[PDB]
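As a plain string of letters, each chain reads:
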Amino acid sequence: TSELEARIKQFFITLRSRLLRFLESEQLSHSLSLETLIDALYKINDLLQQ
Amino acid sequence: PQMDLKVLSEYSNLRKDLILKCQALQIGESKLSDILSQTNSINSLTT
């Protein structure tokens, strides 16, 4: 059971880490960054300059 | 809207820059229409 307690504790580690790295993947696709927005605004500035 | 605070200052500076861009765009469009009407009157007089 002591060899079993390490596996079931590592199972809950590898579950919630795979869960939260999935949750941050779906959230950041529905959020915005402060780099791509500035890149798009650079493009808009270039277009309005032209 | 308006708002690592250095990139926040850079974003607000770019926002003010783009606001000045569209302001100057509207001003230049109206002034170009006025100049075009003026030179249309001048071309009518010369013809």
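Each chain carries its own residue count, running from 1 in the order of its written sequence; this scheme can depart from the entry numbering, and residues that have no coordinates do not appear. Just so you know, chain letters begin at A and ligand numbers begin at 1, following the order they were written in. In this view, a larger assembly is represented only partially, and all stated values concern the represented chains. Values reported for side chains reflect all heavy atoms of the structure, with hydrogen atoms and water molecules removed beforehand. Residues with missing side-chain atoms are left out of burial classes, side-chain pairs and their counts.

Caption draft 1: Structural context of the overall build of chain A. Here a strand is any run of E in DSSP of at least two residues, a helix any run of H or I of at least four, and the numbering for each starts at the N terminus. The helix and strand tally for chain A stands at 2 helices and 0 strands. Against the 2.2 N^0.38 benchmark of 10 Å for 50 residues, chain A shows a C-alpha radius of gyration of 21 Å, more extended than a compact globule. Along the three orthogonal principal directions, the C-alpha set of chain A runs to about 70 × 15 × 10 Å. We take the radius of gyration over the C-alpha atoms and set the globule estimate at 2.2 Å times the residue count to the 0.38 power.

Caption draft 2: Structural detail: the overall build of chain B. Looking only at helices and strands, one finds 1 helix and 0 strands in chain B. Projected onto its principal axes, the C-alpha coordinates of chain B cover approximately 65 × 15 × 5 Å.

Caption draft 3: Quick peek at the packing of helix α2 (residues 36-49) of chain A against helix α1 (residues 5-46) of chain B. Look at α2 of chain A against α1 of chain B: their axes get within 10 Å of each other, and the N-to-C directions meet at 25°. With respect to α1 of chain B, the element α2 of chain A is oriented roughly parallel. Seen from above, α2 of chain A lies across α1 of chain B with left-handed handedness. The residues of α1 of chain B that touch α2 of chain A, namely those facing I38, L41, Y42, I44, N45, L48 and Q49 of chain A, are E10, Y11, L14, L18, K21 and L25 of chain B. Polarity classes work like this: nonpolar for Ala, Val, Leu, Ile, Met, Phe, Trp, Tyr, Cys and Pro, charged for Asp, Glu, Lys and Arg, and polar for all others, with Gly in that last group. Counted by class, the contact of α2 of chain A with α1 of chain B contains 9 nonpolar, 2 polar and 2 charged residues. Axis lines are fitted to C-alpha atoms, over the contacting stretch for helices. Their N-to-C directions set the angle, which ranges from 0 to 180 degrees. Roughly parallel means an angle under 35 degrees; roughly antiparallel, over 145; roughly perpendicular, 65 to 115; everything else is oblique. Here a crossing is taken to be left-handed if its near helix is turned anticlockwise relative to the far helix by less than a right angle, and right-handed if that turn runs clockwise. Here a residue-residue contact requires only that any non-hydrogen atoms of the pair lie within 4.5 Å.

Caption draft 4: Just the interface of chain A and chain B, in detail. Contact residues are listed per partner, giving 8 residues for chain A and 7 residues for chain B. Its residues assigned to classes, the side of chain A that touches chain B comprises 6 nonpolar, 2 polar and no charged.

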